[PDB]
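Step one of this worksheet: look at the structure below.
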Amino acid sequence: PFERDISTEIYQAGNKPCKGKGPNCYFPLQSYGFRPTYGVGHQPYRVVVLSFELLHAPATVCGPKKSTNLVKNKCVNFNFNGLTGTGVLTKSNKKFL
Amino acid sequence: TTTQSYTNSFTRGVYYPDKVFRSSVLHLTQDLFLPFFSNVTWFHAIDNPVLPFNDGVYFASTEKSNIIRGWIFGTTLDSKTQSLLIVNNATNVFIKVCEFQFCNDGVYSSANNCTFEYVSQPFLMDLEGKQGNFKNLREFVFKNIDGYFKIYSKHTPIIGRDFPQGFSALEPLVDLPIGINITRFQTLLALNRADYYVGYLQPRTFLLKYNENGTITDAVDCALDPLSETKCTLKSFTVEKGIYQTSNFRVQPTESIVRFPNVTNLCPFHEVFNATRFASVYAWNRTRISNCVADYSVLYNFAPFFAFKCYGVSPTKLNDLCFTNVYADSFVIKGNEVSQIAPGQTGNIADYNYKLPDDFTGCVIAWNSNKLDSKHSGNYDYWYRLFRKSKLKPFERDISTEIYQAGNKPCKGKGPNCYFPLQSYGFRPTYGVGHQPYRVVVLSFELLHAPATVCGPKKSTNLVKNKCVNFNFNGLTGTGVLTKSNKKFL
Amino acid sequence: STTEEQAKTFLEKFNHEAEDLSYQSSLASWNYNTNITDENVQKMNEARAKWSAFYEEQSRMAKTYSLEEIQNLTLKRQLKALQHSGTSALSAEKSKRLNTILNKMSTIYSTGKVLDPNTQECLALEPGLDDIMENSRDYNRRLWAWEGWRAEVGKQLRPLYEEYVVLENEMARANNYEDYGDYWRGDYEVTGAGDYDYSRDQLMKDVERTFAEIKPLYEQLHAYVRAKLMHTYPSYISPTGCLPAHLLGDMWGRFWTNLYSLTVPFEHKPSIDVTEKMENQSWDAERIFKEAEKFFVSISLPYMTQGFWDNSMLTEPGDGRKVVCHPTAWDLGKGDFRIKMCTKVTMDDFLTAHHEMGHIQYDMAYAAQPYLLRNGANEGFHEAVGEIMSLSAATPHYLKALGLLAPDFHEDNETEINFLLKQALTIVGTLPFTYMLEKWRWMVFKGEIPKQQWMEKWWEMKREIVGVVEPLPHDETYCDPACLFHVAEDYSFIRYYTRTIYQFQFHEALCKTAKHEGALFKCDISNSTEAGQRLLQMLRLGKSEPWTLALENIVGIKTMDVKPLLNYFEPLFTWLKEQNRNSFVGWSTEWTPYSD
């Protein structure tokens, strides 16, 4: 997954070490010709993926910036970087790195 | 030059797998860790050898002065591919992750392409502490996770004792987001203006003990020793006297074997490549395939196969690939028409006698036949067609086209402005390359819903004896031992 | 519908059928070059008769198509090549009398025998005569032989030349052309292109300007040649006047190669003689052919086909099956080529081998073109490229690179002058005479001159132009310049003139673009991929397009170039300039050796 193998190296057929194009020596890539003349199954679809990691790390992107003043020693709902939940927030004496 | 000493890492190279605080917890996690008491080869450089980057190479250094920089990771670390650098200097990171050819240390030969760069602070963290031998302890972890190249760090000072048995916790740092491949690794020492411990981290479960302050004071492996495995199973660092059922032991399969029926279908694939009385281009033959053998050796070894180009399905990953019917058409042309054979292209023969469609899946094969379908003084048996109204439809036969007409004037036979489309195709054994009779077959692939019974040799492999193996008897997948039996099978 | 599509279909059908028949007839012609047996020649004549019948029949079918309704340039060129009918435009009686007179010409030229005062010696045409000419310098003997041959051939040929001019202007009218010279110039006809169209009189203007720019240098070289002749005959040459016709150097006034023993500046030092070197090395004709192919690969030309080395004759297969070995090698069609030599291990055999190798390479280059344009854009391209191949082989730098010549060899100015003089006088002696006869054929077929102003103007013009005085005056009933094999069957010298100038231009452009240094001569064109592609990009074109665009691609100009004549003999000319102070300049027309 998520791997790039950019290389133009002759892919031999069988066991001969042939280099080039034609007899039992093949280029790793072939044509990707795009015309308005093929059907829907060969139309040039331009697609883009979006990958996110919903993991316990300091969020860099947060969407619409909405911030409510933090309160302490009260029963509230917290949404710290998407950490939806409920509880009483009190300052702690831990050793967070 | 450098040495090739071999030593033992003891307990060392423990990092934080995640970014979540744990206090007074014995949390157990499995990731790429350095096995405890695993031998690590230590080189003393006063050079720069090659090292394969397999499963998370770890690094350490106990030097006396700033001499070591330049971490590179890539396939062969040269030859025009992306090899990157982590060369540092005591101002900033000096990241040089790009595509190079030779750097020897910023310092580089060819710019080529490039990618992510980043400078914030000296990556080597060049602080002298108090004593001269602060050793600038270079504990880092480099690993590949779905293309997310991760880097950790820990500058815990040591006093003389290299690869020390004292514990340490490797804090995480920035990570390379480059989705590239890495095979080897070398340390490109910097240019002038007790340094190497490659503890490869094989995957293994680790039990880590956190302090009340969140620091990892101690950890124990889960597969180093039976006692370590017992502690790992009990999720505690102390075990009472008694018997503990830790895990289960099995003999891993030594080999894997694949079995299948005798694969004896005997398609006349050799017979359709040697039927001497071939058919010309104006009437191309056609065959129906069913319950055959996909022996592609004849397609590969028999005949020089002057033409092997195809665009739909790879002719290499094809022996196992299996269909039901294949439309193979045989005809004889000269040298240039073999090249003109293509999908979506011009050419008189390909435009008027046999057109390959754009959605054609299959491989066109043509070889050299200079003495079989030819003879001295003339070979007039072969025919061809030359005229029609417009572009011929793919997979079309236009036999008996009568007589071609032009000039919008009635014609009766072969005469003025009305000629016979079947022009002579003279073949002689003394044609030079471009006009030599070339035999070409066009066999098409179709993704067929019919049962595909032509699947190849099925990779029959000899089945050892009295050995734990993975068997595939007629599609029966399973693992076990094999031995001769005294059964009474019907 | 449109006539273009009908012309295209016909053209395809004709090209296929005629390529088949041409392959058959070319196989017959090659077996004619090989065997001489009666059954063979019967097959060959039946094949050529059927080919001629097929060509005539296809021309008759194609006569229906018009000329205006064609817009494609290639289609226009195909139509122009196709519409040429020739003798078929006249009637059956005219065709039969024409072929009968051609047969008479062939018979008389083949069986022409001149008798000396002693009848025991029968001078059999050119063989024997050329040997006597080369190995003897007897004024009386050679003059009498030439005088008798002229007084016979021209006396027989005088009325038939008038018949020929009448008939040929009739053919020109049949082709809707002003004259037979314009009919020949139709091979240099460009129409339908802006800033690219050149008519027939443009060639007349070009030859006029070339004469204007070569008059002083030709005068200088002719003066040097006549001074050399005077140094061997002091009472037979008027130095201030012109040189007599019987003293040009050879039997027909064509070649000047005979003037070699008495014209070399430094005869003491030997010339470039590698023949001894390949005798030491024990070279073979097959290996010489392989070396030629290696050189052609160095100039990036495509490799020869395997059939070329398989089927083609290379060395003599005994003596019972005798073979003619005139230098010529044409394709058989459909990519088949063959070669025929009377090869030995010498220099001239290798030179003609390279010439025919260039011929075969040019023939292969245009093989993708159809039949009607399956030829050079003119009538001398193949000969010119063969000559440039030969010159590329002639340079001693190529010998040094190949290793046949010992590396410890020093090039000398006198040796360079000797080689340049030999390789110049072998070709340039023909240059005055080829247009001296071509222009006269042009003007005779023009119809601008009367009958009784031909021989006198002939002689006066050649004296006043080149220095060719008639020693024995003759009246208007002679045809002295019409005693050559080339004019026996009405073959133009336009091909020879265009070969001589085009081969020059080719080699000068090649040496200029080959990053050469120093004198352009004695420089090979090999191991140069850029210049090889420069050749190929115009070699692959052929008759499909006029020569002018390929010329602008090869050199950079659109018209004919005059520089090669000046810049190809520069060391000779510079050495002659200092010696010109003691040699008289100019010639007088009125002076003839027999006016005493």
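Every chain in the structure tokens has a letter given in the order shown (A, B, ...), and although residue numbers restart at 1 in each chain, ligands are simply numbered from 1 in the order shown.
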For residue 265 of chain C: contacts at 12 Å, only C-alpha atoms, fewer than 2 positions along chain excluded, given as a PyMOL selection string = chain C and resi 224-225+228+259-263+267-271+413-422+572+575-576+579
Chain B near chain C within 10 Å: what's each residue's closest atom pair and its distance in Å to one decimal, counting only C-alpha atoms, ordered by chain then ascending residue number, as a tab-separated table?
```
residue	atom	partner	partner_atom	distance
B:336	CA	C:368	CA	9.8
B:377	CA	C:24	CA	8.6
B:378	CA	C:24	CA	9.0
B:386	CA	C:12	CA	8.6
B:387	CA	C:9	CA	8.0
B:404	CA	C:9	CA	9.5
B:405	CA	C:6	CA	9.2
B:406	CA	C:6	CA	6.1
B:407	CA	C:1	CA	5.1
B:408	CA	C:1	CA	6.0
B:409	CA	C:1	CA	9.4
B:415	CA	C:61	CA	8.8
B:416	CA	C:61	CA	6.6
B:417	CA	C:6	CA	7.1
B:418	CA	C:10	CA	9.1
B:419	CA	C:13	CA	8.1
B:420	CA	C:13	CA	9.2
B:421	CA	C:13	CA	8.7
B:422	CA	C:13	CA	9.9
B:423	CA	C:13	CA	7.2
B:424	CA	C:17	CA	7.0
B:425	CA	C:20	CA	8.2
B:426	CA	C:20	CA	6.3
B:427	CA	C:20	CA	9.1
B:428	CA	C:23	CA	9.6
B:429	CA	C:307	CA	9.5
B:430	CA	C:307	CA	6.8
B:431	CA	C:336	CA	5.6
B:432	CA	C:335	CA	4.7
B:433	CA	C:305	CA	7.0
B:434	CA	C:335	CA	6.5
B:435	CA	C:334	CA	5.7
B:436	CA	C:334	CA	8.6
```
For the selection just defined, write its residues with C-alpha atoms to a file, as an mmCIF file, in the first residue's frame.
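As written to disk, selection35.cif reads:
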```cif
data_model
loop_
_atom_site.group_PDB
_atom_site.id
_atom_site.type_symbol
_atom_site.label_atom_id
_atom_site.label_comp_id
_atom_site.auth_asym_id
_atom_site.auth_seq_id
_atom_site.Cartn_x
_atom_site.Cartn_y
_atom_site.Cartn_z
ATOM 1 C CA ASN B 336 5.361 -3.852 -42.810
ATOM 2 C CA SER B 377 8.926 -18.757 -60.096
ATOM 3 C CA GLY B 378 5.907 -17.403 -58.195
ATOM 4 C CA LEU B 386 -7.628 -3.795 -51.501
ATOM 5 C CA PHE B 387 -10.818 -1.747 -52.014
ATOM 6 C CA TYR B 404 -14.967 -2.612 -57.200
ATOM 7 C CA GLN B 405 -16.604 0.352 -58.919
ATOM 8 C CA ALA B 406 -15.698 4.014 -59.313
ATOM 9 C CA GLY B 407 -16.657 7.038 -61.375
ATOM 10 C CA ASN B 408 -20.424 6.711 -60.752
ATOM 11 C CA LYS B 409 -20.736 4.778 -64.026
ATOM 12 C CA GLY B 415 -12.542 -3.198 -67.381
ATOM 13 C CA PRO B 416 -12.482 0.603 -67.578
ATOM 14 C CA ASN B 417 -12.758 2.223 -64.131
ATOM 15 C CA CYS B 418 -14.048 -1.034 -62.604
ATOM 16 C CA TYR B 419 -11.386 -3.469 -61.362
ATOM 17 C CA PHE B 420 -11.401 -6.777 -59.402
ATOM 18 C CA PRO B 421 -10.523 -6.032 -55.709
ATOM 19 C CA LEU B 422 -8.601 -9.341 -55.499
ATOM 20 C CA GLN B 423 -5.237 -8.129 -56.765
ATOM 21 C CA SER B 424 -2.377 -10.602 -57.139
ATOM 22 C CA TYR B 425 -0.135 -11.236 -54.117
ATOM 23 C CA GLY B 426 3.107 -12.447 -55.675
ATOM 24 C CA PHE B 427 5.362 -14.295 -53.232
ATOM 25 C CA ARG B 428 8.938 -15.315 -54.036
ATOM 26 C CA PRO B 429 11.721 -16.716 -51.822
ATOM 27 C CA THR B 430 13.961 -13.750 -52.749
ATOM 28 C CA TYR B 431 12.181 -10.885 -50.970
ATOM 29 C CA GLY B 432 14.185 -8.678 -48.635
ATOM 30 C CA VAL B 433 12.762 -8.495 -45.104
ATOM 31 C CA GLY B 434 10.013 -5.977 -45.840
ATOM 32 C CA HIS B 435 8.214 -8.097 -48.449
ATOM 33 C CA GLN B 436 9.029 -11.583 -47.150
#
```
Find the residues near segment 56-64 of chain A: any atom within 9 Å, counting only C-alpha atoms, skip ones fewer than 2 places away on the same chain, and give them as a PDB file with N, CA, C and O atoms, in the first residue's frame.
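As a result, around.pdb now contains:
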```pdb
ATOM      1  N   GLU A  53      -5.644  10.073   8.919  1.00  0.00           N
ATOM      2  CA  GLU A  53      -5.265   9.168  10.001  1.00  0.00           C
ATOM      3  C   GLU A  53      -5.955   9.651  11.271  1.00  0.00           C
ATOM      4  O   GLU A  53      -5.496  10.598  11.914  1.00  0.00           O
ATOM      5  N   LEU A  54      -7.060   8.998  11.629  1.00  0.00           N
ATOM      6  CA  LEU A  54      -7.805   9.340  12.841  1.00  0.00           C
ATOM      7  C   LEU A  54      -7.158   8.612  14.015  1.00  0.00           C
ATOM      8  O   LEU A  54      -7.659   7.606  14.526  1.00  0.00           O
ATOM      9  N   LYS A  66     -13.867  26.615  15.677  1.00  0.00           N
ATOM     10  CA  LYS A  66     -14.798  27.036  16.714  1.00  0.00           C
ATOM     11  C   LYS A  66     -14.164  26.735  18.062  1.00  0.00           C
ATOM     12  O   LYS A  66     -13.790  25.589  18.332  1.00  0.00           O
ATOM     13  N   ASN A  81     -10.002  18.580  19.804  1.00  0.00           N
ATOM     14  CA  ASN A  81      -9.461  17.969  18.589  1.00  0.00           C
ATOM     15  C   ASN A  81     -10.262  16.734  18.178  1.00  0.00           C
ATOM     16  O   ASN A  81      -9.702  15.714  17.774  1.00  0.00           O
ATOM     17  N   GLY A  82     -11.585  16.827  18.284  1.00  0.00           N
ATOM     18  CA  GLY A  82     -12.452  15.724  17.934  1.00  0.00           C
ATOM     19  C   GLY A  82     -12.649  14.686  19.016  1.00  0.00           C
ATOM     20  O   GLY A  82     -13.335  13.685  18.769  1.00  0.00           O
TER      21      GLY A  82
ATOM     22  N   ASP B  18       3.280   5.012  20.779  1.00  0.00           N
ATOM     23  CA  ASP B  18       2.204   5.954  20.507  1.00  0.00           C
ATOM     24  C   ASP B  18       2.494   7.270  21.216  1.00  0.00           C
ATOM     25  O   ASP B  18       3.536   7.445  21.855  1.00  0.00           O
ATOM     26  N   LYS B  19       1.556   8.205  21.099  1.00  0.00           N
ATOM     27  CA  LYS B  19       1.665   9.528  21.699  1.00  0.00           C
ATOM     28  C   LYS B  19       0.633   9.720  22.808  1.00  0.00           C
ATOM     29  O   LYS B  19       0.069  10.802  22.972  1.00  0.00           O
ATOM     30  N   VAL B  20       0.378   8.667  23.580  1.00  0.00           N
ATOM     31  CA  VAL B  20      -0.615   8.689  24.647  1.00  0.00           C
ATOM     32  C   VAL B  20       0.098   8.469  25.974  1.00  0.00           C
ATOM     33  O   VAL B  20       0.899   7.539  26.111  1.00  0.00           O
TER      34      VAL B  20
END
```
Would you kindly return, as a PyMOL selection string, each protein, DNA or RNA residue with an atom no farther than 10 Å from any atom of residue 3 of chain A, considering only C-alpha atoms and excluding same-chain residues fewer than 4 positions away?
-> chain B and resi 146-147+178-181
Tell me, in Å to one decimal, how far atom CA of residue 67 of chain A is from atom CA of residue 96 of chain A.
->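 That distance, rounded to one decimal, is 22.7 Å.
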Test item: residues at most 8 Å from segment 481-494 of chain C, only C-alpha atoms, excluding those fewer than 5 positions along its chain, as number ranges by chain = C: 102, 105-106, 109, 149-150, 153-154, 184, 252, 379, 434-435, 437-438
